[PDB]
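**Student:** coordinates for the following, if possible.
(4 chains, ligands or ions: 3)
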Amino acid sequence: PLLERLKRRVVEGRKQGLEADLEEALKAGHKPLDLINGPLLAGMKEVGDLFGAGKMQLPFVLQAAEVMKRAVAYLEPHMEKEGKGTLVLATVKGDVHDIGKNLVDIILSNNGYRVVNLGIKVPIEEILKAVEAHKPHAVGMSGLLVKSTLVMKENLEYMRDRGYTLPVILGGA
Amino acid sequence: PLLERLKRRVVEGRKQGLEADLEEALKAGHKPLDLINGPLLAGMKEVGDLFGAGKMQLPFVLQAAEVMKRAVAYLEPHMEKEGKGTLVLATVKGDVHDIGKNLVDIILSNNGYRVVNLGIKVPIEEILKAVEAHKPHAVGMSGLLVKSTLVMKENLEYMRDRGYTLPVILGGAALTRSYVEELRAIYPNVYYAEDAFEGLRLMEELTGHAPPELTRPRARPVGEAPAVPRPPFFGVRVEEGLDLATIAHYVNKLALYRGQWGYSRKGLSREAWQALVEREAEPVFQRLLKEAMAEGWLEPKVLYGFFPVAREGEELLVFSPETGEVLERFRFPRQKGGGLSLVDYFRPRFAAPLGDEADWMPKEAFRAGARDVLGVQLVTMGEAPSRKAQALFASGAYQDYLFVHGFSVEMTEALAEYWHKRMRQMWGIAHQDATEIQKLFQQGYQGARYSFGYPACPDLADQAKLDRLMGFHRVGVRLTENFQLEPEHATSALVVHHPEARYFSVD
Amino acid sequence: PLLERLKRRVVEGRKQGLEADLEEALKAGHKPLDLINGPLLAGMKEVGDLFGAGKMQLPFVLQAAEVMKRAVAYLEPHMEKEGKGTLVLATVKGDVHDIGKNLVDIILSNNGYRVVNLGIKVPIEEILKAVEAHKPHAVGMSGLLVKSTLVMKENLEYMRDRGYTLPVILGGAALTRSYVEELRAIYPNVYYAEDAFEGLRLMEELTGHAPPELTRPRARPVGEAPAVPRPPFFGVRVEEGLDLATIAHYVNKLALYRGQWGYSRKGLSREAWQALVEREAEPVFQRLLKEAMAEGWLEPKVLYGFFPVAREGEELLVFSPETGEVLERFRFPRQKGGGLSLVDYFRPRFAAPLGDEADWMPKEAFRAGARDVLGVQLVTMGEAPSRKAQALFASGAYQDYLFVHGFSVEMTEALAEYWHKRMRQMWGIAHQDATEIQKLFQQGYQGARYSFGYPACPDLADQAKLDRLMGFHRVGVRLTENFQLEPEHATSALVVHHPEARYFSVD
Amino acid sequence: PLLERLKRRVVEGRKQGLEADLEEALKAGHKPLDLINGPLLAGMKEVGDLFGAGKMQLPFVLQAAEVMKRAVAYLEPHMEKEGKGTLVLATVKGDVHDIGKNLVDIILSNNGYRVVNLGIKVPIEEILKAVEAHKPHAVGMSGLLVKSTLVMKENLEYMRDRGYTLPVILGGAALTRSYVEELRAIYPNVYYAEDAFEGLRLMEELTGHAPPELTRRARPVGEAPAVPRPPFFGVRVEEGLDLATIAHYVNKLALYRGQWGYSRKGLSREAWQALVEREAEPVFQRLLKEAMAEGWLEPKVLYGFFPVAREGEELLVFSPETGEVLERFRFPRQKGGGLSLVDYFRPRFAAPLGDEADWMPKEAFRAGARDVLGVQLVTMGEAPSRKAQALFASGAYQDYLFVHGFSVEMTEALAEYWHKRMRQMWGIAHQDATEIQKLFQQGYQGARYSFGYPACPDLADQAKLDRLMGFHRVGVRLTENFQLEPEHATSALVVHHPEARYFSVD
Ligand code: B12
Ligand code: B12
Ligand code: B12
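**Tutor:** Numbering: from 1, shown residues only, chains lettered A, B, ... in the order given. Ligands and ions are numbered 1, 2, ... in the order given. The protein structure is shown below:
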């Protein structure tokens, strides 16, 4: 069917002829939010399984995310929308390095979570203002250097002192 | 490397960025004929393997040939010319049909053989003058109709009488394998070719690039009809000024996509076929209608009418509406052991009238004994599509050459079908027509149309009798000496009202 | 393990190190019969599956059988035996041809059936004595020519008259499937075998090791010739002392590699075939030439000549050069509905001479009315290659048996071809010969040679008329009761000068 | 084709009909070097992949190398010749052990590298003379014992002091990965090799044919029942030993799995039993028939008993004749005052348990000796070492493997057999095992402690044992790293105490 074909276009990373197949499938009788959480997300889920096992390489994972991002862009006019949960994601104060943080943003966003990317050199005052506004499931913090981890610690001390109990996912080189 | 990329460009059919990649390969130190007989020809051989196995469809084969033809055109200034061998290729005397011949030309030329295309209506005098000049490995001859095969025979008799022993590759719609084997009597070195790729294999074997393989009643008895239906008039009138959009609704989309364009339906689902039609087949059909309407390269005409007729034994007489005298007589063939004939759908001469037909049957004809009414139509799409197609083939758009041909042909058939509907309405026998367009192709209507040449009425020289009645000049149609219609995109038919009339084979 | 290694040795055909691996397996505690009916026969059955599917070629099948035969020879002193079933196998009375029969023997024996090979020229008296002694599951009979099938019929009539009901597997070159089905009239339990592997499957079903399946308008008229060419002499002379190197240039390498040795070409490229020839086919051909020259197991002889002839109606008369009296007449068959015959290539009796042939035609013959010249050749390679092959088969070199047979056969054909060239030169009709050796096999020369038995002149009893003219003893050749040439590697031909003469089929 | 057939002959290990197939390929057109660098080396690399994945066992790997070695020998007359690179390979100064080094030689040589095998007891002066001559890609050094690793360190100190920087691949039984990483201090370009195939991968990376990867706790011991009395005091020879009787004590798993590399695990018990019957057992049966008839095992034993005592942490050994203390052994104790070997010995001047004063040597007992220690040295002579070097030289690499491991496990079997015999003599064989299989589980009274093992690990105490026993008397010699020469020889201290079993200080 066309359901298996939309899953295929994610896993292979085939953009050219996608907008034709999306326009066709609504007519087959599935809604915009339907196809997103169905074959496409399994295709993405499948690409996650493949990369986990070392059978797909990282340039094709991001080629899959390009297809998913382009699918959601085509289906956004039809929708008047509310993902699986939110991550407020920032690089720490005194750090300019944004490849790891932005890689998280790509994977989470194209797996149906909401990512509020706050950029670089973000102090904890700004991060917790975002947590109040959005009310996410977790906070993310990216560093580079070991002095960036020391800022992350001061930020956890700040967060407990204010009385946040929300999960803090830390990552960094 | 870039060697594998030039092979890839042929097999995928990618023209955009070709002339960059050719220019890069020459500076990298590769000679013109090096690339030509190297990766490019390897690409065109792979496409032949794929088409042989049914993994590439014919529109992409001709898309590959476009790339190869465009490569050779770019490398011709650098080269100072001389292929693998030569075919002198012609359509026979009294024949105008050039799609098969030109399909051979495309495949052989882009597989590195030389093709000397001599055109249409080519006599054997002209063909053998070319054989003297070029000294080819083989001579090729394309027909259409069975009278074109009888010319091919006379040509082999001519060629043996002159003392040619060179291989003669024959191909054609009407030409069969069985018949070419019986022609080995006259000229032993004669080979049949079912398609262009059979023609390529023959040319491979004949030039030594292959191992020799190819080279070595109890039925329903006649019923009286309900009534003699009354025509709008008697005699024959012209009709131009027909909407191409109305005719396009009668196109047999499978006969066009599978039959003519070679888009394979077999091997995949009906949702998989439906998706191919939406993506590939339908938008090409939609583009060529917009074009043919705006550019004016289909010119639909119709010549049509009705006549007082009768059966007298095995002959169908045709009476003049004005004089009542017998104009033509058709002796149609009957099936084995009594069996069915077309004359069996017509009332006998001086038959006691079924209804009130003496009220309206032409006075003179009815006194002469005419008791039934026969419909006749010629349709045509003009010389224009033939011209448009020769333009594309000449410029080297071989894909579009294919598409535009088949479109024109199936649009011509669609007009015969549309006008049949219209011939029923006029006659007043369109009470029982199909609700869908799809069920008109299975004869979902009263009576039927019998074109001359088909088994029921197969003598093509009866088309001269039909022109004497109708006047084919009146829509720019001409008969050749092999009784083909000129232009090629035209089809005559006898329109029968009798409800029991359906198609049958004498052979 | 070593069990898988003994299976491997059969399928790959590795005899070097076999007797070590057999000795190791028995001391490991494996009995002789355990090995025979086990790891080995599994190997030989896999090779049968592979050959059935076209993944192993016939020179490696017989290389497998060499290993199996050598294994059983090593294990026979230890054993005191007893196969799966017995075939009594013979070549028929009045036939000397033993490659097919011996190929059956090799395949069946190395697949665990017992074969009682009775040799050549075996009458049914002798065959049925063997059936009484051994009490086999089936009788086998091999022929060559169509007169050998007529003996097989008389043998089935003999066998039913005696009251044998045992299955009779018939095979042969001339024997067809259609004919063996008509023989089920006489003897219902008769089966055709296209190859040895069909013979194995029959023997499987008949011994219960298999699911029963097998067991249940146009012509060209011939014109007068340009002139009557003059022969070097009239009558027949011998020629010995022919270079085998010169003859080897006329060998049809495909007919040898594909046709005889069973090296498959099809399904691979022409560069892939060319590489196989270089590695496998060509060095074997090169070895057997060096051998046949040094060891002297081809003895090329030729008996050849020319005669004053005429057509008188449908009979080709042959006049004596010395007396002028009619020696033989040949009534040759004509194609259906008065088509072509061989007599049509010969001038009529008392025909007014084309040129100045009365200057040189034998005085007596020409007064008697002879007006044309017929050439005749017999070639032979002697009893020697038949002897050499029987040696190899007996010693168990089944691969070399295959190679040496086909070599001898295709070298015999090459001599007929070489000598035809030489027969043209002598006659003075070699102006128009081929530039390549490859185009002599396409009849690239004036006239043609018609061997008796082929469709044009198929009566094999006319070979006795040819021996009365030529004297076949003069190159050690004899006719049997079924009109076969002894030795088997010999071929007669009628050599025609007329330029319009090419090959045709009455059937 | 014949190209795929020459590859097949390597991977299956089929030498019979090889020289026919080589002669056919070259007269067909192929060049010797072309065949060397192609189908043959492709074969040997596939066998390396298989062994890497655990699908081909070590006796067939060396059967593949036999074919490759025999191919190159046949094509050497045709060639007028330069491997992929060179390893200069030696066993260290004061070491005679050459099975590991020669196993490296076989694998590397038959994978198209050049190996300059310098033999045994090779000093660094000699090794670096070879490095100057040949200019190799790497230097290899094989040891056995931990004293051989200490020489390897001094060699790296020598090599850096001279200013060599080229890679040093170290391997050895006693050598560990952890130690070679600490040696990168002295000589940074030093790599450990667990097996020959690790040695091949290093040589691949170092010659550029691979991506840089590798290259970047008590119980109390109580008093004994009694002091058992020995047949005599002092040390005697025994040479009249049946090889058939010793063969009953061979640890067939240690031989088949441990030495020959026939893997058991991942198959059934009936599948292993069938492999033993077909492959392992008839080789064991062949080499016994050979070793008996050809005489290439010469079993000797030096054995005896001594008056001893504990004096604190020292085990004194008294003279049977003079009573004076000849040797003292300070054995190590487990962490935080756990077990020592001295704890199996009665204290000096201990009040006798039974009537040992009746028979203990008068002088020794007055000097205070109160317990009896047994001692044995076994050996199979220089003969098996010679037989193995013959096979390796001839190129029978499979038989080289088999004959080595046989000799080694037959040497251990003799230590075990003679232990049984040492119990009987002593009169402590009431409680022996009914099967031979349960003697490997220590199914007997007391235990034997070989020097070098954790309990008693100072190998320089083997010189104290030679001063007592006289190793020359069975043709055995100590080297400067305290190795027994010949290599197929093993000393043990034979303890009577029933509570004595094996323990680790580390
Ligand atoms: C569509 C079609 C038409 C079109 C004609 C368009 C055209 N001429 O291409 C239309 C609808 C207009 C039509 C009309 C008629 N038709 Co019409 N037509 C067909 C149809 C259904 C398919 C034609 C087609 O497109 N073939 C594909 C082309 C490309 O194939 P091809 O030309 O044979 O070429 C291939 C091979 O033969 C080979 N080849 C050809 N020549 C050569 C030469 C060489 C050297 C080599 C190597 C290879 C080679 O190469 C090609 C493949 O690569 C056929 C059925 C059939 N063919 O079996 C009937 C058929 C040809 N028509 C027939 C007839 C009866 C008629 C009419 C006489 C109707 C009437 N007026 O009474 C007319 C004739 C046309 C005319 N102009 O006079 C008959 C002929 C009967 C006979 N001879 O006795 C056929 C055979 C139908 C039948 N089943 O009996 N028709
Ligand atoms: C090469 C050949 C020759 C060789 C003969 C040597 C030989 N026989 O091996 C040569 C070049 C010398 C030659 C000469 C002639 N030829 Co010639 N020749 C051929 C050819 C091309 C191939 C024969 C061949 O060797 N096949 C391979 C062998 C192994 O096949 P086989 O014998 O049939 O056996 C197979 C099966 O039948 C089966 N089988 C056979 N017997 C049995 C029995 C049992 C129980 C079982 C289970 C299976 C079995 O096993 C084999 C496969 O595994 C054939 C064409 C053909 N066969 O279609 C003509 C053919 C046999 N030739 C023929 C003739 C005319 C001639 C001559 C008479 C020419 C002349 N003198 O005028 C002579 C005959 C020779 C003679 N001594 O009299 C004719 C016979 C026609 C007829 N009888 O009327 C044939 C059929 C050609 C034709 N198409 O008409 N020929
Ligand atoms: C067999 C053996 C014996 C033999 C030793 C002599 C021999 N092999 O001929 C016998 C049965 C005689 C015995 C006795 C002894 N042994 Co012991 N024995 C072993 C045993 C059980 C197995 C070793 C083996 O089979 N090696 C076979 C060869 C092929 O392996 P290898 O030398 O390791 O080589 C491999 C790799 O290291 C690599 N490699 C080696 N060198 C190099 C170099 C390079 C450049 C490369 C790339 C690779 C490389 O290649 C090989 C694989 O391909 C070990 C246990 C162990 N290893 O865990 C103890 C062991 C060697 N024994 C040891 C000792 C104590 C002794 C004795 C001193 C006992 C005594 N007398 O008191 C004697 C000494 C023998 C003598 N001649 O001096 C100790 C050493 C302790 C120490 N150094 O402090 C060990 C480690 C036992 C232990 N677990 O503690 N034993």
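
**Student:** which parts of chain A are helices?
**Tutor:** Taking DSSP state H as the criterion, chain A contains helices spanning A:2-12, A:18-28, A:32-35, A:41-53, A:58-75, A:99-109, A:124-134, A:146-162.

**Student:** could I get these as TSV with mean neighbour count and distance to chain C?
**Tutor:** To be clear about C-beta, it is placed using only N, CA and C from the backbone, and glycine gets the same treatment. Listed next are the helices of chain A as TSV, based on neighbours: other C-beta atoms under 10 Å in any protein chain shown; distance: least, C-beta to the nearest C-beta, whole Å:
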stretch	mean neighbour count	distance to chain C
helix A:2-12	18	32
helix A:18-28	14	39
helix A:32-35	17	46
helix A:41-53	16	34
helix A:58-75	17	34
helix A:99-109	17	47
helix A:124-134	15	65
helix A:146-162	14	60
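
**Student:** I'd like to know how far the residue nearest to residue A:92 when sequence neighbours are not counted sits from chain B.
**Tutor:** Distance criterion C-beta to C-beta, 6 or more residues apart in numbering or on different chains; nearest residue to residue A:92, sequence neighbours excluded, is residue A:151 at 4.4 Å. Distance, residue A:151 to chain B, by C-beta to the nearest C-beta, to the nearest Å: 50 Å.

**Student:** okay, the helices of chain A in TSV with distance to ligand 1 next?
**Tutor:** Shown next, in TSV, are these (distance: least, C-beta to the nearest ligand atom, whole Å):
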stretch	distance to ligand 1
helix A:2-12	33
helix A:18-28	31
helix A:32-35	42
helix A:41-53	42
helix A:58-75	40
helix A:99-109	51
helix A:124-134	66
helix A:146-162	71
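
**Student:** of those, which is nearest ligand 3?
**Tutor:** Closest of the helices of chain A to ligand 3 is helix A:41-53, at 32.8 Å (criterion: C-beta to the nearest ligand atom).

**Student:** want to throw the helices of chain A into CSV with distance to residue A:83?
**Tutor:** CSV is the format used below for these (distance: least, C-beta to C-beta, whole Å):
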stretch, distance to residue A:83
helix A:2-12, 17
helix A:18-28, 19
helix A:32-35, 11
helix A:41-53, 11
helix A:58-75, 10
helix A:99-109, 8
helix A:124-134, 11
helix A:146-162, 24
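
**Student:** that older thread, in contact with the residue nearest to residue A:92, which residues are there?
**Tutor:** Applying C-beta atoms under 8 Å, 6 or more residues apart in numbering or on different chains to residue A:151 gives the contacts A:92-95, A:143.

**Student:** show me which of those residues is closest to residue A:172.
**Tutor:** Checking these against residue A:172 by C-beta to C-beta gives residue A:143 as the nearest, at 3.6 Å.

**Student:** and that closest one, how many neighbours does it have?
**Tutor:** With neighbours defined by other C-beta atoms under 10 Å in any protein chain shown, the count for residue A:143 comes to 22.

**Student:** verify the stated contact: it with residue A:153.
**Tutor:** No - in this structure residue A:143 lies outside contact range of residue A:153 using C-beta atoms under 8 Å: 10.7 Å.

**Student:** residue A:149 and ligand 2: what is the separation?
**Tutor:** Distance of residue A:149 to ligand 2, computed by C-beta to the nearest ligand atom, to the nearest Å: 82 Å.
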